[PDB]
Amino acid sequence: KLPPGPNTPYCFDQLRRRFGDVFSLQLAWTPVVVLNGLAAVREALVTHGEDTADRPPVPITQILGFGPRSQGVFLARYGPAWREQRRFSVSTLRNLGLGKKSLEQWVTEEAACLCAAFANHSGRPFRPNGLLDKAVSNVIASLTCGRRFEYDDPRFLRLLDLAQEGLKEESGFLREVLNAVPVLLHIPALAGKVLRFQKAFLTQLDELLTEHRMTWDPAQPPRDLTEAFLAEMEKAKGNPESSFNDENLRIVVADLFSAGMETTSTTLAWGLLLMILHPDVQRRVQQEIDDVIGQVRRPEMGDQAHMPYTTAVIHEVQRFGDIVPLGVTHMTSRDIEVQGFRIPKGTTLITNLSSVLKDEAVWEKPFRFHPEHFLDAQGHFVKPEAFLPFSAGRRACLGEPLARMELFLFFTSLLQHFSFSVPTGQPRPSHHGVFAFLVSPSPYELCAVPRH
């Protein structure tokens, strides 16, 4: 028995209440099943984990150097190419985060830089989005190339702008056209234009990787992910089965920027917004900051386990902000069943994470901003199983530990040194997002006033 069935996230909400948690659609020329609520998402991605970890093919990635051992991680098919890069990135992130604690130090320094760029606005109103973008990009640059960029660096601005444009290309009529029917990529006028900006983004990274190649000291342990990768590539010369090759290096690095920039930055943008709309919550986080850390010392990760309210608030920013509502598509390898219905092999799965984060049977007030969603009456932090902003299963976000570190360190450092407020004489910003692959706060401005 197949599932029933006839911007986007609201239409899927209505379709849920019509046909239920597991329903069918036939978009482009593609069979889709949408999954709603914890139980269907969990059943598909965990219980049937082994047969839902594949990605729908994407013909136009042909343009970006994709091949059987050059698929990067994000859109790579389930198989050894995916699995080798997934293990590499996971363990590289673990290693860089242990011993010397390099990632934590890079994030701590970027938070200091980010506070200074906030101070220099001197209590005049401003949109914080651009600065959040830069801070979070520098964390990726640190992870992947072992450097940061000055916030006024022109190359950095260029890399950022190209990245923003190349996210737009991910959601295009054009893009879906050649993707859905790929034989029109023989026409050079079409092919050259779909991923114009992504190619330029990739060209700018190539330039950075070339520089990094020159300064790499292979006589020392790798100090960042690209070095670790380059070391593996050397061991793999003469092995055509390896995914450690120059064509894949640039896709892996570009996947890490693509997946880890706008998500983390947009989440922080939600957090500041929710802090000026809910100044009472802001002050109570500032209370816990002062009482656990002080107004002087830089926040460290070891603080987080003693700050259940700030942890609650950050979790609630993620749940309410709901920045990846329809997740990232999967594809079924074998046939499976979910909530009774049968799902044939080759079906594109859409995981409706928003329906998990906003399930009315799980959360007390799913459409309000409410830190007590993660607090018990004693004030202990609790994390409900429906907290899945990173999805679940084999393909669940590999950057989650770095994002948790970034959200806590950037968010607490900022509220440690500033008070945020709607600027006098402007409308209360809306708390409704704008969907465009990611859900972002409506554009808003704020005042950052130092606290000492």
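Throughout, we count residues from 1 along the sequence that is shown.
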Problem set entry | Size class of the missing deposited segment between residue 6 and residue 7 | 10 or more
Seminar exercise, completed: Comparing mean C-alpha B factor in the record for 326 to 334 and 174 to 182, the higher one is 174 to 182
Exercise. Which has the higher mean CA temperature factor in the PDB entry, 203 to 211 or 96 to 104?
Worked result: 96 to 104
Problem set entry | Top Cα B factor in the deposited entry, candidates 142, 267, 91, 198 | 198
Exercise. Which one of 360, 232, 165, 262 shows the top CA temperature factor in the record?
Worked result: 165
Seminar exercise, completed: Binned into thirds over the chain's modelled residues, the C-alpha B-factor of residue 352 lands in the lowest
For this session: Could you say whether, by C-alpha temperature factor, residue 56 belongs to the lowest, middle or highest third of its chain?
Result: middle
Exercise. Where does residue 245 sit by CA temperature factor within its chain: lowest, middle or highest third?
Worked result: middle
Exercise. Which third of the chain holds residue 380 when residues are ordered by C-alpha B factor: lowest, middle or highest?
Worked result: middle
Problem set entry | B-factor third for the C-alpha atom of residue 128 within its chain | middle
